[PDB]
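Working notes, beginning with the structure itself.
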Amino acid sequence: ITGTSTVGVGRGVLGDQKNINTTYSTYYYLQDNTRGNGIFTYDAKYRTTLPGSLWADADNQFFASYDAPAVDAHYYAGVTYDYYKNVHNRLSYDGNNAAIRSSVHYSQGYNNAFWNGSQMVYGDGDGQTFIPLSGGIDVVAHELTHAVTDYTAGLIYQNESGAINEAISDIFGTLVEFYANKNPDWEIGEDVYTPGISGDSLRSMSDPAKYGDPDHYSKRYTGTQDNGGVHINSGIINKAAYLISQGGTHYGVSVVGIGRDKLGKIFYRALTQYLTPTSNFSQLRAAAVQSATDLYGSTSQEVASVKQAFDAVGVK
Ligand SMILES: N[C@@H](Cc1ccc(O)cc1)C(=O)O
Ligand SMILES: [Ca+2]
Ligand SMILES: [Ca+2]
Ligand SMILES: [Ca+2]
Ligand SMILES: [Ca+2]
Ligand SMILES: [Zn+2]
């Protein structure tokens, strides 16, 4: 909408108060004019028609329980934008300040979220398996990272290319969670998953096997479900990324950790300069080794640790 940039206040899904950038024209809309061509948040109103209505509020205060998912989708889209701009000099998901659009209250009791090619979409969950999924900063950043991948590598969403696509979204979702520095970890979706159970999540990058996902190539899923295992085989790559950052000994192979910033630089370089739509795990190792070589030198610790981590997960 055309209007005046304003700043509202509300509470997110987990009851945290935060300020949000809004636009005033009769109503206050969830439209942040301060980031690129805008961040826009919509109400799907329990239906599956997208995007739905640009979120409008009478008084610029967003404290209703119904508001909470909208507050978080809008706020965390902004944090993710900040991460890509400040850390990688990338302006929105296309690198050209594309408007970022999110819809909440998608369907009834919908236990998922997704990038649909155009925008991010968040279910409210059924209150048992999930609370509203925009409450998870790693979730929001995972989904917006699919947009980044769409505009860069374009990894096809099936088999090994799809598992890489999935891992890239887990890696940057997690790096954004660390950037924001609120209860960061190497797990995915812990903030919104199972409000009745402490300490669980959808996936673990540090120990994928904790939730039944492979941590070595020898254990890859070869079946047809989940598009050839894209959320399962991502464990292999996530494990490699965790090792490059944090280090450790995995199946008797030792990796010296080089830290999250360098992990981020190496995978962002691989994503934007070397990976293709059909890149497999072997080609990802090559891309990451070449990216570390470009940044640090063929004989650097960084290159060595990338090699070590891929060796540890059985990827040559
Ligand atoms: N996002 C993942 C994990 C997931 C699976 C089922 C859900 O109901 C929610 C999340 C997927 O779509 O496979
Ligand atoms: Ca209000
Ligand atoms: Ca966390
Ligand atoms: Ca997390
Ligand atoms: Ca839980
Ligand atoms: Zn995903």
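The residues of chain A that appear here are 233-548 by Swiss-Prot count, in order.
The backbone N, Cα and C atoms fix where each Cβ goes, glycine too.
Pulled from Swiss-Prot, these are the features on record:
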type     : residues                     : note
ACT_SITE : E375                         : active site
ACT_SITE : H463                         : active site, proton donor
BINDING  : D289, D291, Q293             : Ca(2+) 1 binding site
BINDING  : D370, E409, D417, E419, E422 : Ca(2+) 2 binding site
BINDING  : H374, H378, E398             : Zn(2+) binding site
BINDING  : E409, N415, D417, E422       : Ca(2+) 3 binding site
BINDING  : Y425, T426, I429, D432       : Ca(2+) 4 binding site
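Measuring Cα to Cα from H463 (active site, proton donor), the binding-site residues that fall within 10 Å are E398, out of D289, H374, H378, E398. Checked against ligand 3, the recorded positions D291, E375, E398, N415, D417, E422 give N415, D417, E422 in sequence order as having a Cβ less than 6 Å away from one of its atoms. Annotation note: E419 (Ca(2+) 2 binding site) sits in a strand segment as assigned by DSSP. Among the recorded positions listed (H378, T426, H463), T426 have a CB atom closer than 6 Å to some atom of ligand 5, in sequence order. In the vicinity of ligand 1, defined as a Cβ distance under 6 Å, none of the recorded positions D291, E375, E409, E422, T426, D432 are placed. Cβ packing within 10 Å was compared across the binding-site residues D291, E409, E422, and the lowest neighbour count falls to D291. In this structure, the binding-site residues that sit close to ligand 2, with a C-beta under 6 angstroms from any of its atoms, are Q293, chosen from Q293, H378, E409, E419. Working note on the binding-site residues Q293, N415, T426: by count of other C-beta atoms within 10 Å of each C-beta, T426 ranks first. The record gives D370, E409, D417, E419, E422 for Ca(2+) 2. Within 8 Å of the mean position of their Cβ atoms, the other Cβ atoms in that chain belong to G368, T406, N415, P416, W418, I420, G421, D423, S433. When secondary structure is read from DSSP and collapsed to three states, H374 (Zn(2+) binding site) falls in the helix class.
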